[PDB]
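Shown next, in structure tokens, is the structure this report addresses.
Note that we place each Cβ from the backbone using ideal geometry, even for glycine, and neighbour counts take in every protein chain shown. FYI, it's all coordinate maths here, none of it is from the lab.
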Amino acid sequence: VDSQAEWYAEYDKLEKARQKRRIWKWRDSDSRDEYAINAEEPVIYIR
Amino acid sequence: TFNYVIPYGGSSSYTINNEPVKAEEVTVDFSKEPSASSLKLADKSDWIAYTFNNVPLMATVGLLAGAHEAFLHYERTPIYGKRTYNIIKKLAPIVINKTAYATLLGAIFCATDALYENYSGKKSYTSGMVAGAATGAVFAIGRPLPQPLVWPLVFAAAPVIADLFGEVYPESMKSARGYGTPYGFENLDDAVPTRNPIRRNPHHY
Amino acid sequence: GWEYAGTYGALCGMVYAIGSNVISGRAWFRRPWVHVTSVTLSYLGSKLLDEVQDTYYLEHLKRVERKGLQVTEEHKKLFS
Amino acid sequence: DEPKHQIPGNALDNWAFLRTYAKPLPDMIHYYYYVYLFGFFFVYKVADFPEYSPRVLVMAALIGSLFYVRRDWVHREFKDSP
Amino acid sequence: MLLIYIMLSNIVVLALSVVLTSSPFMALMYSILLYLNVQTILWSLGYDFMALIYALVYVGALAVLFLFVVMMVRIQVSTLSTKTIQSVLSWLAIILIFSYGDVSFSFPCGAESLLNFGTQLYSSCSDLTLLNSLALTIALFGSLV
Amino acid sequence: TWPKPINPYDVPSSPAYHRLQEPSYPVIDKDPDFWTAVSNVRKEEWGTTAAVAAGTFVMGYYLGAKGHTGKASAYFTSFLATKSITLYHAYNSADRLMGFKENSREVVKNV
Amino acid sequence: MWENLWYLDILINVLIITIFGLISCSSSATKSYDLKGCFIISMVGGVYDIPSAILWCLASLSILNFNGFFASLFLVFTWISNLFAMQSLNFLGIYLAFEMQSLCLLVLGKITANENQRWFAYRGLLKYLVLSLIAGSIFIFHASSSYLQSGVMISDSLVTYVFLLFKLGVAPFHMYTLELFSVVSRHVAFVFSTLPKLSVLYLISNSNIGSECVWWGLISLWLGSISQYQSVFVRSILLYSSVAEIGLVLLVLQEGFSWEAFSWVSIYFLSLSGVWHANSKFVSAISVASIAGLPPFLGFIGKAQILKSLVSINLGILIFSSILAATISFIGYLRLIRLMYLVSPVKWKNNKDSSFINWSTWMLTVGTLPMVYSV
Amino acid sequence: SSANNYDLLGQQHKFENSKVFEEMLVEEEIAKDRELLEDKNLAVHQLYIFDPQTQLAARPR
Amino acid sequence: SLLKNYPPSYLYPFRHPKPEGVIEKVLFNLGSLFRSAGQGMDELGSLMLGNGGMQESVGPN
Ligand SMILES: CCCCCCCCCCCCCCCCCC(=O)OC[C@H](COP(=O)([O-])OCC(O)COP(=O)([O-])OC[C@@H](COC(=O)CCCCCCCCCCCCCCCCC)OC(=O)CCCCCCCCCCCCCCCCC)OC(=O)CCCCCCCCCCCCCCCCC
Ligand SMILES: CCCCCCCCCCCCCCCCCC(=O)OC[C@H](COP(=O)([O-])OCC(O)COP(=O)([O-])OC[C@@H](COC(=O)CCCCCCCCCCCCCCCCC)OC(=O)CCCCCCCCCCCCCCCCC)OC(=O)CCCCCCCCCCCCCCCCC
Ligand SMILES: CCCCCCCCCCCCCCCCCC(=O)OC[C@H](COP(=O)([O-])OCC(O)COP(=O)([O-])OC[C@@H](COC(=O)CCCCCCCCCCCCCCCCC)OC(=O)CCCCCCCCCCCCCCCCC)OC(=O)CCCCCCCCCCCCCCCCC
Ligand SMILES: CCCCCCCCCCCCCCCCCC(=O)O[C@@H](COC(=O)CCCCCCCCCCCCCCC)COP(=O)(O)OCC[N+](C)(C)C
Ligand SMILES: CCCCCCCCCCCCCCCCCC(=O)O[C@@H](COC(=O)CCCCCCCCCCCCCCC)COP(=O)(O)OCC[N+](C)(C)C
Ligand SMILES: CCCCCCCCCCCCCCCCCC(=O)O[C@@H](COC(=O)CCCCCCCCCCCCCCC)COP(=O)(O)OCC[N+](C)(C)C
Ligand SMILES: CCCCCCCCCCCCCCCCCCCC(=O)O[C@H](COC(=O)CCCCCCCCCCCCCC)COP(=O)(O)OCCN
């Protein structure tokens, strides 16, 4: 039972989850009309 | 700390300061600044002007309440039976009195708020409390015992609620971002954005 | 994503079989066939849900990188 | 027998007061039509209203809440008279 | 120009007559005359087929449906006349308030063509023609049951 | 101005729906017919079509039997599902021919 | 011609199923399970994205509990209207799709009423119709003025926002829902208080139909909560709960939080299914708890998404109102729980037709842990 | 009166008990279809009017 | 009755007439297999259940 390893592993897991959450929270508008904010996105419109 | 030996939390140095670092390389703002109309109405310099600009709201609310009550009375009256009395003569006092009372109360509130702010010279919670108290005192002029205490309190509390959650709250929590790195903690290794997220375009309705 | 999705799904299938028996007034052990079917279907659905979530996580990572979020290799590692 | 709350008032007087709610009831469509129409026009007008201070808005909401009369209140007290 | 003006002004009198009359049968008759006046307004804007459409769908078919319903549900609505002078002026005031100072635009004249309308309806705008057909099917199925 | 003359027989017309996209891949056929698209459908897609048809036959029979019309439901459901999946496969193959989608196998098979 | 085929397939599918059902109409199969399955397969041809897949899921679940070919056909018509509403690019698409959906509601409501229930059902359908006509006429008149002034039909306008406000049923445009849904069948009220919303939310999110005004959601939240607390009848409690929640959801959706509204609508559907299709006291209790937002159930995740979105926008008044209104609503839900297990012995009809009800209760209980990533 | 009433009761019970299994099943289906056909807005109701005792089409509607 | 085209399954719910279709014949043979496998499993379970095996028989009249 290596307590130091367990503590560091748990802290790392929580920190990775926090980072992933913050990356996930970066969300631009996904509106089809809003072409300006999403100019680089590859979309095809059938209209 | 999660221990019983040392105080929880932490301490931050007052001498040491951290130089501000921009949240993103380029900042695009979808929030429009206050309009010139908003600033004009908010100007409390001249109490009479302030009062006359802000009463339209109280008048509208009084008119809506009076229209509601008048409609309720009108709907019940029977079309099939001929009525000796004139319906408009019965209904017009309802609407007029409701509008007048609402306008008077809102005028008292706006006047007292502006006069206190001018005399004190500072924007403060007390100005709203004293305006509310005066409005509630005018509301409870002839009411039984409990109401003189209750209405000055409820009315005084309402500007406190408006100030706390309309002005202090947003300014207090302006810095928080939600993306990239936590506001206080920029040393931590979190993905750094080139541009802020634009979740919606500036509104226009 | 989740490393316990299969176990969770199997247990939840058990939850379905027992709950359906209990709601109808039967005992938990009744209709044994329902138990196997529920366990298998819930396990598969839980797994499928985990792949779907992972796929949309990666789509999001692609989108944010395109927008301009300077995600590091470690961040690209966070999204399997 | 058990202790019970005392009811203020006489039985027949309270029943008579309760019976003043038994009056011809209008249909709610008539009220709804007007509320829908005026509400639509109100929403269109609201976009053009000047921006008001939060304090003024809250005070207006308070005044409106106080001055609102419940439909039952008018119903009980309505008299077809001058 | 006088004829166009007369039709435009008349449409208001023919709309006021419908609401004011107390007889449901007579209100339909005024509505039929209003529909014909609308056909004549459409003629002044240069539409012939569209004005035909209005008369066919409304005068030809919808009015018949209204008459059928009115005959079946016939009620005694000659109770009393409540058209007091006070009521009429209040109504005319509400109308005037609502219909005042709106943005006005110069009267246009536009020649229409069925060849273009048919082409668009059955080529570029085929999505609308079929959704409308589905709406008619929905109405048929629901009304008949 | 002057009205432009119109030729009644040749009036410009277009389909309702348009795909707004430039062909990323080579265009084997600019305007494929139904038969051309059907002929280019992959073998795996035909296998999917047959699996769907069998599954829908069994499901149709199962649901129909509760109403005493198993055979009729089974055949109708099979036909309906096969038709819908086949139209989807033909749409995909036509898009591949038009160059909108990946056509590596398609170009090789028909030069 | 190939793009058109995708749309054409749906029509061909619907027509052939319609004529097959008409030809094979018999007393022996009043519940046409085969046609229900064909309709479900047909609606898979319109799934293009995740919102379309949610529209399919909800439509299929709704179709399961309708009895007879006729009702299922009108649900397919509702699905087609909903699919077209999401894709509407201008005023004509919006008007056409929503009015077709209104027609399908009028028929579905009319054909699910008994002869003894005709007096109140037809009155509520007529009141719904007349209010819908006011909404549609004001919409089209303003749309005509906008088209004249601008020369183009643009779905980013106040006119559409107010119309979609009517369709959602927020602020003062919620009375049609109360009048109609009180007098109609429980299934019809359930399917038309949830499914239509998804299309409107998709339109608002995709077409940038948002306003700076927060009054309408604040009003809906307070009115709904207070009216839920003061309502004696249980149908009114459930109807006003949707008003309050959709008011809050409207406020969240204006600020761009599309993902949270699409997840909320799905959780709300699953939560409402068991309360509306009441058969077992336990299923109904778990449903009421999920609508209330209790943490062990999936309803907690749905409410959490909205509340989490609210704290991001940092509007104090909304948060305060939300807390107080939620407490008031909680009192109404406690009333519902009290009525079932703490007031009197309860006996209900043995309507043993829990198609997706057991699955929904399971999905509510079990689903919290898988969907914990969202919040 | 008691004796006569129990005689009528005996006759009713004899009638119900004496039916053969095939008839009891058929009657169970009749009852089930009576429950299903209580709704009068079904398409099949428009086609025909059903006999009350046995839910078989009697006449066109 | 008005109609004579009623499905045989509807007219004879207790026992369907002899299978005539290929699909029906296959379903019959599958049912025979399922019945035999089920009786086998029933007997195996009865062994574990012990003395008596929870067996049931028709009662005398
Ligand atoms: C979790 C996180 C969340 C995230 C995502 C969540 C995910 C979301 C979605 C997830 C959804 C989960 C919740 C929904 C659950 C679904 C509902 C459900 O549970 O079932 C409902 C449904 C409800 O049944 P019900 O309550 O009785 O009411 C229906 C009425 O009877 C009405 O009657 P009916 O007229 O409608 O009859 C039709 C139907 C319904 O009929 C019946 O149900 C009657 C009973 C069927 C016969 C008995 C089953 C035989 C074997 C079952 C094994 C049980 C083992 C227990 C004891 C061991 C015995 C040794 O008949 C069928 O069973 C059709 C299926 C065909 C199979 C029939 C059996 C074939 C022979 C056996 C196959 C292979 C034998 C291998 C081993 C055999 C012994 C171990 O259950 C079924 O229909 C059963 C389906 C299949 C039967 C079992 C087949 C299993 C295969 C044998 C085991 C071998 C291992 C399995 C792996 C390999 C497979 C081959
Ligand atoms: C010619 C046609 C006639 C109509 C005239 C105009 C036509 C409409 C045109 C435009 C309509 C749009 C805007 C009007 C208001 C929006 C409401 C609406 O339209 O819904 C349809 C509504 C009918 O809908 P319904 O679903 O059939 O009826 C539901 C009720 O259960 C109805 O059943 P009920 O009446 O029997 O039950 C009433 C119940 C219903 O409950 C409510 O009224 C809930 C409303 C609460 C607040 C609403 C949100 C406030 C936010 C306003 C946003 C703007 C300000 C921004 C910031 C403010 C932050 C809050 O409330 C009560 O029990 C009475 C108390 C009144 C409020 C309760 C709160 C008291 C707090 C004060 C504390 C002081 C007490 C301390 C001492 C206590 C001792 C322990 O139609 C109307 O009522 C329109 C009449 C217009 C009169 C409104 C008066 C002022 C208007 C603005 C002030 C805002 C406050 C709202 C107060 C009352 C509004 C109902
Ligand atoms: C097997 C691989 C699956 C893995 C991934 C799936 C993708 C590949 C699809 C493959 C098919 C598997 C189906 C799984 C997903 C369904 C999606 C889909 O199919 O289309 C997506 C896919 C492309 O769209 P996309 O991937 O979503 O990305 C587009 C953009 O990114 C824009 O779309 P976006 O909305 O996703 O944008 C990203 C979005 C981010 O969005 C997301 O993150 C989505 C999160 C995933 C949640 C999954 C739950 C959704 C519920 C739907 C369940 C699936 C039903 C299946 C229906 C189709 C059946 C095939 O960002 C946002 O903020 C938008 C908000 C999105 C909504 C918010 C999410 C919350 C949903 C509600 C959750 C609340 C919990 C409730 C209960 C939970 C309890 C555990 O379309 C296709 O590939 C073609 C569709 C073909 C379908 C049918 C055609 C085949 C048959 C043809 C003839 C049929 C007739 C014959 C019948 C044959 C059988 C008899
Ligand atoms: C949910 C959707 C609601 C709204 C949907 C609107 C979108 C659908 C609109 C289209 C409705 C159907 C119109 C036909 C659809 C596709 C077009 C088509 O396939 O016709 C072919 C015509 O091509 C053919 O293949 C001719 C044979 C067609 C045979 C049948 C295919 C279409 C069947 C339509 C189904 C209607 C039949 C009855 C309905 C049950 C293409 O036209 P052209 O290319 O201009 O003509 C050929 C000339 N050339 C190729 C040389 C350039
Ligand atoms: C195991 C591989 C082969 C299995 C044989 C089936 C192959 C036949 C081709 C497909 C036909 C449909 C498949 C049967 C599934 C459901 C059929 C069904 O509903 O079963 C019964 C009643 O419903 C049930 O009993 C439910 C059974 C559920 C399914 C149980 C069978 C499990 C395996 C069958 C299908 C597996 C795969 C099929 C091929 C891929 C039908 O009743 P009837 O319409 O009256 O027909 C009976 C004929 N006759 C009375 C006249 C003798
Ligand atoms: C990752 C998953 C999590 C996300 C959730 C959304 C995704 C859904 C994933 C699983 C969906 C499962 C849906 C569960 C539905 C429950 C099954 C059901 O409803 O069966 C009904 C079906 O009822 C019907 O009406 C049958 C008509 C149609 C039958 C099924 C149609 C099949 C069409 C094909 C579907 C395949 C999909 C096509 C391609 C995707 C039977 O109930 P009843 O007999 O009416 O009453 C039950 C009585 N009691 C329980 C008390 C004993
Ligand atoms: C939910 C909050 C509502 C208040 C509830 C209080 C009880 C209601 C009774 C009605 C009385 C009217 C409201 C008065 C509360 C304000 C507190 C008075 C303290 C005070 O007067 O100082 C002011 C600042 O306090 C302030 O105005 C800011 C203090 C914030 C109020 C207290 C916040 C926590 C209270 C919650 C307790 C439990 C919640 C349950 C309700 C002056 O400040 P100044 O700047 O003008 O200096 C003067 C320079 N001229």
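The single condition among (1) loosely packed, with under 11 Cβ neighbours inside 10 Å; (2) touching a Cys at 6+ places or on another chain (Cβ under 7 Å); (3) of a type in the set (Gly, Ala, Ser) that E:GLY46 does not meet is (1).
Taking the range G:160-180 as the range and being facing another protein chain (nearest Cβ under 8 Å), closer than 30 Å to E:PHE105 by Cβ, touching a residue at least 40 places away in the same chain (Cβ under 8 Å) and over 16 Å from the mean Cα position of the chain (by Cα) as the test, only G:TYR161 passes.
Could you list, in sequence order, all residues of the range F:57-69 that are at the interface with chain G (Cβ under 7 Å from one of its Cβ atoms) and either surrounded by fewer than 22 Cβ atoms within 10 Å (Cβ to Cβ) or in a helix (DSSP H, G or I) (or both)? Scanning the range F:57-69 gives F:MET59, F:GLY60, F:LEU63, F:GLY64, F:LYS66, F:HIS68.
Residues in the range B:70-89 that are of a type in the set (D, E, K, R) and buried (at least 19 other Cβ atoms within 10 Å of the Cβ): 0 in all. The condition of being more than 13 Å from ligand 3 (Cβ to nearest atom), over 30 Å from G:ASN67 (Cα atoms), of a type in the set (A, V, I, L, M) and in contact (Cβ under 8 Å) with a residue 60 or more places away in the chain holds for only one of G:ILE323, G:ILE328, that being G:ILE328. Taking the listed residues B:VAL130, B:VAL95, B:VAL138, the one that is within 19 Å of the chain's Cα centre (by Cα) and more than 16 Å from ligand 4 (Cβ to nearest atom) is B:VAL130, with no other qualifying.
Consider G:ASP49 against the criteria (1) crowded, with 20+ Cβ neighbours inside 10 Å; (2) of a type in the set (D, E, K, R); (3) within 12 Å of ligand 3 (Cβ to nearest atom): it satisfies all of them except one. Which criterion is unmet? The single condition G:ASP49 does not satisfy is (1). For residues that are in contact with a helix residue (DSSP H, G or I) (Cβ under 7 Å, 6 or more places away or on another chain) and more than 7 Å from every other protein chain (Cβ to nearest Cβ), tally how many sit in the range B:127-152. Matching residues across the range B:127-152 total 15. For the range F:25-56, the set of residues classified as more than 16 Å from ligand 4 (Cβ to nearest atom) and within 10 Å of another protein chain (Cβ to nearest Cβ) consists of F:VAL52, F:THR56, listed by residue number.
Let's see how each residue does on (1) at positive phi; (2) hydroxyl-bearing (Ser, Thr, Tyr); (3) more than 10 Å from chain C (Cβ to nearest Cβ); (4) under 24 Å from the mean Cα position of the chain (by Cα):
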residue: G:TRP348; (1), (2), (3), (4): no, no, yes, no
residue: G:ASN351; (1), (2), (3), (4): no, no, yes, yes
residue: G:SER354; (1), (2), (3), (4): no, yes, no, yes
residue: G:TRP359; (1), (2), (3), (4): no, no, no, yes
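Kindly check whether there is at least one residue in the range C:64-72 that is away from ligand 5 (no atom under 16 Å from the Cβ) and under 16 Å from G:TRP359 (Cβ atoms). No, the range C:64-72 has no match at all. More than 16 Å from ligand 1 (Cβ to nearest atom), within 11 Å of chain D (Cβ to nearest Cβ) and over 20 Å from B:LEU153 (Cβ atoms), is that true of B:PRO93? When the stated conditions are applied, B:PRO93 does not pass them. Could you tell me whether C:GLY25 is within 14 Å of chain B (Cβ to nearest Cβ) and at positive phi? Against the criterion (within 14 Å of chain B (Cβ to nearest Cβ) and at positive phi), C:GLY25 does not qualify. For the residues I:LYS25, I:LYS4, the requirement of being under 23 Å from G:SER26 (Cα atoms) and more than 16 Å from ligand 4 (Cβ to nearest atom) singles out I:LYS4. In this structure, G:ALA304 does not qualify as within 16 Å of ligand 7 (Cβ to nearest atom) and more than 14 Å from chain B (Cβ to nearest Cβ). The sole residue among F:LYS30, F:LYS43 that is surrounded by fewer than 16 Cβ atoms within 10 Å (Cβ to Cβ) and touching a residue at least 12 places away in the same chain (Cβ under 8 Å) is F:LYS30. Scanning the range G:224-265 for residues being surrounded by 22 or more Cβ atoms within 10 Å (Cβ to Cβ), touching a residue at least 60 places away in the same chain (Cβ under 8 Å) and of a type in the set (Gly, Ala, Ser) gives a total of 7. Residues in the range G:266-308 that are within 10 Å of ligand 3 (Cβ to nearest atom), surrounded by fewer than 24 Cβ atoms within 10 Å (Cβ to Cβ) and closer than 18 Å to G:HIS187 by Cβ: G:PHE269 only.
Just the residues that are part of a helix (DSSP H, G or I), within 16 Å of ligand 6 (Cβ to nearest atom) and surrounded by fewer than 13 Cβ atoms within 10 Å (Cβ to Cβ), please, taken from the range G:324-375. Hit for the range G:324-375 is G:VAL372, nothing else.
Step by step: first the residues of the range F:70-88, then only those that are more than 16 Å from ligand 4 (Cβ to nearest atom) and touching a residue at least 12 places away in the same chain (Cβ under 8 Å), then the one that is nearest to the other protein chains (Cβ to nearest Cβ). Which residue is that? Checking each candidate, the answer is F:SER73. Across the range F:89-109, the number of residues qualifying as in contact with a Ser or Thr (Cβ under 9 Å, 6 or more places away or on another chain), in a helix (DSSP H, G or I) and more than 7 Å from every other protein chain (Cβ to nearest Cβ) comes to 4.
One residue stands out among those in the range G:103-120 that are buried (at least 20 other Cβ atoms within 10 Å of the Cβ) and more than 8 Å from every other protein chain (Cβ to nearest Cβ): the one that is farthest from G:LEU55 (Cα to Cα), which is G:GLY109. Looking only at residues of the range G:57-80 that are near ligand 6 (Cβ under 8 Å from one of its atoms) and assigned to a helix (DSSP H, G or I), we find that the one that is nearest to G:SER360 (Cα to Cα) is G:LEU61. Scanning the range G:112-145 for residues that are polar (S, T, N, Q) and either in contact (Cβ under 8 Å) with a residue 40 or more places away in the chain or not in a helix (DSSP H, G or I) (or both) gives G:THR112, G:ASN114, G:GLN117, G:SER132.
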